[PDB]
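Peer 1: Structure supplied as structure.cif; contents: mmCIF, C-alpha atoms and all ligand atoms.
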data_upload
#
loop_
_atom_site.label_atom_id
_atom_site.label_comp_id
_atom_site.auth_asym_id
_atom_site.auth_seq_id
_atom_site.Cartn_x
_atom_site.Cartn_y
_atom_site.Cartn_z
CA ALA A 2 0.00 0.00 0.00
CA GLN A 3 1.48 3.29 -1.24
CA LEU A 4 -0.13 6.42 0.18
CA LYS A 5 0.52 8.53 -2.93
CA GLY A 6 -2.58 8.31 -5.12
CA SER A 7 -4.87 6.72 -2.51
CA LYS A 8 -8.26 7.81 -1.20
CA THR A 9 -6.58 7.90 2.23
CA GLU A 10 -4.25 10.62 0.91
CA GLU A 11 -7.17 12.83 -0.13
CA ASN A 12 -8.85 12.15 3.24
CA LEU A 13 -5.74 13.18 5.18
CA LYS A 14 -5.65 16.39 3.15
CA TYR A 15 -9.35 17.03 3.75
CA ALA A 16 -9.13 16.25 7.46
CA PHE A 17 -6.00 18.42 7.76
CA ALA A 18 -7.92 21.32 6.21
CA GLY A 19 -10.85 20.71 8.55
CA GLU A 20 -8.79 20.44 11.74
CA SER A 21 -6.93 23.60 10.74
CA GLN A 22 -10.15 25.53 10.26
CA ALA A 23 -11.60 24.14 13.49
CA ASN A 24 -8.67 25.51 15.47
CA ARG A 25 -9.12 28.90 13.78
CA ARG A 26 -12.90 28.92 14.30
CA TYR A 27 -12.63 27.88 17.94
CA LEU A 28 -10.15 30.66 18.77
CA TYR A 29 -12.46 33.14 17.02
CA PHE A 30 -15.33 31.82 19.17
CA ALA A 31 -13.11 32.08 22.25
CA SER A 32 -12.58 35.76 21.55
CA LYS A 33 -16.34 36.35 21.19
CA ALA A 34 -16.83 34.62 24.55
CA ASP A 35 -14.01 36.72 26.02
CA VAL A 36 -15.84 39.94 25.26
CA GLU A 37 -19.18 38.52 26.46
CA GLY A 38 -17.68 37.58 29.82
CA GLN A 39 -18.16 33.85 29.15
CA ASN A 40 -14.70 33.03 30.44
CA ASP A 41 -15.43 29.34 31.13
CA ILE A 42 -16.68 28.87 27.55
CA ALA A 43 -13.67 30.80 26.23
CA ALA A 44 -11.37 28.45 28.15
CA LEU A 45 -13.21 25.45 26.72
CA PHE A 46 -12.86 26.71 23.14
CA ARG A 47 -9.16 27.30 23.81
CA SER A 48 -8.64 23.82 25.23
CA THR A 49 -10.57 22.11 22.43
CA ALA A 50 -8.52 24.18 19.97
CA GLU A 51 -5.32 22.63 21.37
CA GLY A 52 -6.82 19.24 20.60
CA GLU A 53 -7.40 20.28 16.99
CA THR A 54 -3.75 21.39 16.78
CA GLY A 55 -2.69 17.91 17.85
CA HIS A 56 -5.04 16.35 15.30
CA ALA A 57 -3.93 18.58 12.44
CA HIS A 58 -0.22 18.01 13.11
CA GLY A 59 -0.81 14.27 13.24
CA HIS A 60 -2.37 14.45 9.79
CA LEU A 61 0.59 16.52 8.59
CA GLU A 62 3.10 13.98 9.87
CA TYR A 63 1.44 11.30 7.73
CA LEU A 64 1.45 13.66 4.73
CA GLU A 65 5.24 14.08 5.00
CA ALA A 66 5.36 10.91 2.90
CA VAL A 67 3.56 12.52 -0.05
CA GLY A 68 4.11 16.28 0.17
CA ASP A 69 2.94 19.58 1.63
CA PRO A 70 -0.85 19.80 1.15
CA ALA A 71 -0.60 23.46 0.17
CA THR A 72 2.01 23.01 -2.57
CA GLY A 73 2.69 19.33 -3.34
CA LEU A 74 6.36 19.89 -2.42
CA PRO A 75 8.62 18.05 0.03
CA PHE A 76 8.64 19.22 3.62
CA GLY A 77 10.55 18.15 6.68
CA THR A 78 13.76 20.07 7.07
CA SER A 79 13.83 23.83 7.52
CA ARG A 80 15.34 24.17 4.05
CA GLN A 81 12.47 22.21 2.51
CA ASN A 82 9.88 23.99 4.66
CA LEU A 83 11.13 27.43 3.66
CA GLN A 84 11.15 26.36 0.02
CA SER A 85 7.56 25.10 0.19
CA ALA A 86 6.42 28.23 2.08
CA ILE A 87 7.99 30.55 -0.54
CA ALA A 88 6.27 28.69 -3.36
CA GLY A 89 2.88 28.78 -1.60
CA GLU A 90 3.21 32.44 -0.68
CA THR A 91 4.25 33.23 -4.26
CA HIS A 92 1.10 31.53 -5.52
CA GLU A 93 -0.96 33.59 -3.09
CA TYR A 94 0.38 37.00 -4.11
CA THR A 95 0.78 36.46 -7.88
CA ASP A 96 -2.45 34.48 -8.45
CA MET A 97 -4.87 33.68 -5.64
CA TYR A 98 -5.53 36.97 -3.85
CA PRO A 99 -5.33 39.28 -6.91
CA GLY A 100 -7.83 37.05 -8.71
CA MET A 101 -10.15 37.01 -5.70
CA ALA A 102 -9.80 40.79 -5.55
CA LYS A 103 -10.84 41.17 -9.19
CA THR A 104 -13.88 38.96 -8.74
CA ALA A 105 -14.93 40.86 -5.62
CA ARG A 106 -14.71 44.19 -7.38
CA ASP A 107 -16.57 42.78 -10.38
CA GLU A 108 -19.36 41.54 -8.09
CA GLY A 109 -19.64 44.87 -6.28
CA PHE A 110 -17.88 43.97 -3.01
CA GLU A 111 -15.44 46.88 -2.94
CA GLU A 112 -14.32 46.60 0.68
CA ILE A 113 -13.74 42.84 0.40
CA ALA A 114 -11.78 43.52 -2.78
CA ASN A 115 -9.53 45.99 -0.94
CA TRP A 116 -9.14 43.37 1.80
CA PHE A 117 -7.95 40.77 -0.74
CA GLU A 118 -5.54 43.37 -2.11
CA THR A 119 -4.25 44.08 1.39
CA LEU A 120 -3.65 40.36 1.80
CA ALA A 121 -1.90 39.98 -1.58
CA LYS A 122 0.55 42.64 -0.40
CA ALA A 123 0.98 40.91 2.96
CA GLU A 124 1.68 37.50 1.37
CA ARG A 125 4.27 39.14 -0.91
CA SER A 126 5.93 40.50 2.22
CA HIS A 127 5.81 37.01 3.75
CA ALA A 128 7.30 35.49 0.61
CA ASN A 129 10.19 37.96 0.47
CA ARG A 130 10.94 37.56 4.18
CA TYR A 131 11.04 33.77 3.86
CA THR A 132 13.34 34.13 0.84
CA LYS A 133 15.72 36.31 2.85
CA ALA A 134 15.67 33.71 5.64
CA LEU A 135 16.40 30.93 3.11
CA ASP A 136 19.35 32.92 1.71
CA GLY A 137 20.82 33.07 5.20
CA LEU A 138 20.14 29.47 6.16
CA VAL A 139 23.22 27.58 7.33
CA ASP A 140 22.29 23.91 7.65
CA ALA B 2 -24.90 43.19 -3.75
CA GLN B 3 -25.74 40.03 -1.78
CA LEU B 4 -22.78 38.04 -0.48
CA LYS B 5 -24.81 34.83 -0.24
CA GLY B 6 -24.46 32.84 -3.45
CA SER B 7 -21.65 34.97 -4.92
CA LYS B 8 -18.28 33.77 -6.20
CA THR B 9 -16.82 36.08 -3.52
CA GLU B 10 -18.52 33.96 -0.85
CA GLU B 11 -16.83 30.83 -2.20
CA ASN B 12 -13.51 32.69 -2.36
CA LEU B 13 -13.76 33.79 1.28
CA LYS B 14 -14.43 30.18 2.27
CA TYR B 15 -11.43 28.94 0.24
CA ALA B 16 -9.13 31.67 1.53
CA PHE B 17 -10.25 31.01 5.10
CA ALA B 18 -9.38 27.34 4.60
CA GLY B 19 -6.03 28.33 3.14
CA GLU B 20 -5.10 30.80 5.88
CA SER B 21 -6.16 28.29 8.56
CA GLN B 22 -3.89 25.61 7.03
CA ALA B 23 -1.02 28.11 6.64
CA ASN B 24 -0.97 28.84 10.36
CA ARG B 25 -0.99 25.12 11.16
CA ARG B 26 1.73 24.39 8.58
CA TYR B 27 3.98 27.27 9.74
CA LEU B 28 3.75 26.20 13.38
CA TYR B 29 4.64 22.66 12.31
CA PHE B 30 7.64 24.06 10.44
CA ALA B 31 8.54 26.12 13.53
CA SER B 32 8.71 22.93 15.57
CA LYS B 33 10.98 21.28 12.99
CA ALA B 34 13.22 24.36 13.16
CA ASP B 35 13.15 24.21 16.98
CA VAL B 36 14.59 20.68 17.02
CA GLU B 37 17.23 21.48 14.38
CA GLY B 38 18.44 24.47 16.43
CA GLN B 39 17.28 26.94 13.76
CA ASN B 40 15.81 29.34 16.31
CA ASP B 41 15.74 32.42 14.09
CA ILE B 42 13.82 30.45 11.44
CA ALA B 43 11.42 29.08 14.06
CA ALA B 44 10.75 32.61 15.30
CA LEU B 45 9.97 33.75 11.76
CA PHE B 46 7.58 30.86 11.15
CA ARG B 47 5.80 31.82 14.41
CA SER B 48 5.61 35.53 13.55
CA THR B 49 4.31 34.79 10.05
CA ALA B 50 1.80 32.38 11.59
CA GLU B 51 0.41 35.27 13.65
CA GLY B 52 -0.20 37.12 10.40
CA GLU B 53 -2.10 34.14 9.03
CA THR B 54 -4.26 34.14 12.17
CA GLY B 55 -5.13 37.77 11.49
CA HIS B 56 -5.94 36.98 7.87
CA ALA B 57 -8.12 33.97 8.66
CA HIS B 58 -10.08 35.82 11.29
CA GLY B 59 -10.67 38.72 8.90
CA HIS B 60 -12.11 36.21 6.43
CA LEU B 61 -14.31 34.70 9.14
CA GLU B 62 -15.64 38.11 10.09
CA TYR B 63 -16.90 38.70 6.54
CA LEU B 64 -18.42 35.22 6.60
CA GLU B 65 -20.55 36.15 9.64
CA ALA B 66 -22.98 37.50 7.03
CA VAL B 67 -23.57 34.06 5.46
CA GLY B 68 -22.74 31.51 8.14
CA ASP B 69 -20.07 29.25 9.59
CA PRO B 70 -18.14 27.63 6.74
CA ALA B 71 -18.16 24.32 8.61
CA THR B 72 -21.93 24.09 9.13
CA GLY B 73 -23.97 26.85 7.42
CA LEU B 74 -25.28 27.92 10.82
CA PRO B 75 -25.16 31.53 12.02
CA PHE B 76 -22.34 32.44 14.36
CA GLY B 77 -21.35 35.35 16.55
CA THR B 78 -22.76 34.80 20.04
CA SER B 79 -21.45 32.08 22.34
CA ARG B 80 -24.83 30.34 22.12
CA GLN B 81 -24.60 30.27 18.32
CA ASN B 82 -20.90 29.37 18.31
CA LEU B 83 -21.41 26.39 20.61
CA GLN B 84 -24.34 25.11 18.55
CA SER B 85 -22.28 25.30 15.37
CA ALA B 86 -19.27 23.63 16.99
CA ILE B 87 -21.58 20.85 18.26
CA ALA B 88 -23.10 20.27 14.81
CA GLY B 89 -19.68 20.19 13.15
CA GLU B 90 -18.19 17.87 15.75
CA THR B 91 -21.22 15.57 15.46
CA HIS B 92 -20.67 15.18 11.74
CA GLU B 93 -16.98 14.45 12.36
CA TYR B 94 -17.44 11.68 14.88
CA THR B 95 -20.56 10.04 13.46
CA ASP B 96 -19.75 10.21 9.73
CA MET B 97 -16.45 11.79 8.66
CA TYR B 98 -13.77 10.05 10.69
CA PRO B 99 -15.44 6.60 10.82
CA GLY B 100 -15.76 6.75 7.03
CA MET B 101 -12.12 7.72 6.60
CA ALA B 102 -11.09 4.93 8.94
CA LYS B 103 -12.92 2.36 6.82
CA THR B 104 -11.35 3.60 3.60
CA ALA B 105 -7.89 3.50 5.17
CA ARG B 106 -8.29 -0.04 6.51
CA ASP B 107 -9.67 -1.21 3.16
CA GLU B 108 -6.64 0.32 1.40
CA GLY B 109 -4.12 -1.33 3.72
CA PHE B 110 -3.27 1.62 6.01
CA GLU B 111 -3.97 0.02 9.36
CA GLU B 112 -2.09 2.58 11.46
CA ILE B 113 -3.84 5.48 9.72
CA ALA B 114 -7.17 3.70 10.17
CA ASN B 115 -6.53 3.46 13.90
CA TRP B 116 -5.55 7.14 13.89
CA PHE B 117 -8.87 8.11 12.29
CA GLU B 118 -10.65 5.99 14.91
CA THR B 119 -8.79 7.72 17.74
CA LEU B 120 -9.91 11.01 16.24
CA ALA B 121 -13.54 9.87 15.94
CA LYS B 122 -13.51 9.14 19.66
CA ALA B 123 -11.81 12.47 20.35
CA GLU B 124 -14.36 14.53 18.41
CA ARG B 125 -17.20 12.70 20.20
CA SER B 126 -15.62 13.84 23.45
CA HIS B 127 -15.47 17.41 22.13
CA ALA B 128 -19.10 17.26 20.97
CA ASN B 129 -20.32 16.03 24.36
CA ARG B 130 -18.24 18.56 26.29
CA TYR B 131 -19.54 21.43 24.16
CA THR B 132 -23.10 20.18 24.63
CA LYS B 133 -22.59 20.18 28.39
CA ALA B 134 -21.27 23.74 28.15
CA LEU B 135 -24.23 24.83 26.02
CA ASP B 136 -26.71 23.45 28.59
CA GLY B 137 -24.82 25.35 31.32
CA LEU B 138 -24.72 28.63 29.40
CA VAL B 139 -26.39 31.66 30.99
CA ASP B 140 -26.76 34.52 28.53
FE FE C 201 -10.02 17.37 15.74
FE FE C 202 1.53 34.34 4.41
FE FE C 203 -2.14 35.08 5.07
FE FE C 204 -12.90 18.53 17.85
#
Would you give me this structure, written as structure tokens?
Ligand SMILES: [Fe+3]
Ligand SMILES: [Fe+3]
Ligand SMILES: [Fe+3]
Ligand SMILES: [Fe+3]
Peer 2:
Amino acid sequence: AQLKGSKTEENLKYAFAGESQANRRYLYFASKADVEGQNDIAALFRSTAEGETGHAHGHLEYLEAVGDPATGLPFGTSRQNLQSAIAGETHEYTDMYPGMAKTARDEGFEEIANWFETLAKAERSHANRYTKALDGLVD
Amino acid sequence: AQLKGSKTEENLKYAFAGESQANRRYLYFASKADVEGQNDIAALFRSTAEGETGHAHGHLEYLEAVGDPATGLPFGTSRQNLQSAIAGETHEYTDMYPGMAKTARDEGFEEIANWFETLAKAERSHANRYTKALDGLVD
């Protein structure tokens, strides 16, 4: 049984995306509870969120055998990880966010379009900072 | 312009999924850098990860207008957030992870099948604990 090409590979990718989003959603919910004064519920969202971190990183460990789910590229060492991050960030600022910005403007969501443009610029900053770190990597 | 049904809705959901995964991936990479001794790189993966948290939560905020990407339910208040988390967790432990476990076992990935079964049990625990919290909520 080779993981590359299997249904189990696409399920690990899907579950990794879901666990990742669950951690994000639960911390967002924790902050809503914070403001409401629901400190016990905020603590519970935070603790559950740690569980989803453990789940997501377990999925990622299995996916080391087949590649980074965001890029298809090898990950593992810091050199590989920086390489995969630069490629993903480059996709985000040259393709994904500008194209989402265009569609938002075309559909009449001007503020959301400016938000996608703000994020394209941020991901370009991320990309260039990771590239600088890769240039300085001594491994 | 109505966000519900637009291409911009689907793009917010996709970008939220992407930003969520980026934070998880970058923290994973930070831990790899930790063990290698690449502390400057680890610090950069963590700082960048904070940016991806900010991005994902900005996407979620726009999605308040159409519903939780995991469930379709409204979100915002702790009462709503708990109900959505419960519905999502219930799908995970009754349908998603048991189904992935079966596919993995059938494909020859016994360890991954057991992992999916561990996670089914874990999400059931989360679902029940959130339900307890929802019954205790005073708002
Ligand atoms: Fe989980
Ligand atoms: Fe980024
Ligand atoms: Fe980002
Ligand atoms: Fe959970």
Peer 1: Quick check, in Å to one decimal: how far apart do atom CA of residue A:49 and atom FE of ligand FE 201 (chain C) lie?
Peer 2: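 Taking atom CA of residue A:49 as the start and atom FE of ligand FE 201 (chain C) as the end point, the length is 8.2 Å.
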Peer 1: Quick one: residues within 6 Å of ligand FE 202 (chain C), with only C-alpha atoms and all ligand atoms, as number ranges by chain?
Peer 2: A: 90, 124, 127; B: 53
Peer 1: Take the selection from the previous step and output its residues with C-alpha atoms, as a PDB file, in the coordinates of the input.
Peer 2:
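Below is the file that was written, out21.pdb:
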ATOM      1  CA  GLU A  90       3.210  32.440  -0.680  1.00  0.00           C
ATOM      2  CA  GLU A 124       1.680  37.500   1.370  1.00  0.00           C
ATOM      3  CA  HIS A 127       5.810  37.010   3.750  1.00  0.00           C
TER       4      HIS A 127
ATOM      5  CA  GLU B  53      -2.100  34.140   9.030  1.00  0.00           C
TER       6      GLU B  53
END
Peer 1: Set the cut-off to 7 Å and count only C-alpha atoms: what are the residues of chain B that reach chain A? Output as a list in words.
Peer 2: residues 2, 9, 12, 18, 21, 22, 25, 29, 30, 33, 34, 42, 49, 58, 77, 78, 79, 82, 101, 104, 105, 108, 109, 127 and 134 of chain B
Peer 1: At what distance in Å, to one decimal, does atom CA of residue A:133 lie from atom CA of residue A:87?
Peer 2: 10.2 Å
Peer 1: With distances taken over all atoms listed in the file, which of A:112, A:136, A:118, A:51 is nearest to ligand FE 203 (chain C)?
Peer 2: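 Checking each candidate against ligand FE 203 (chain C), we get A:118 as the closest.
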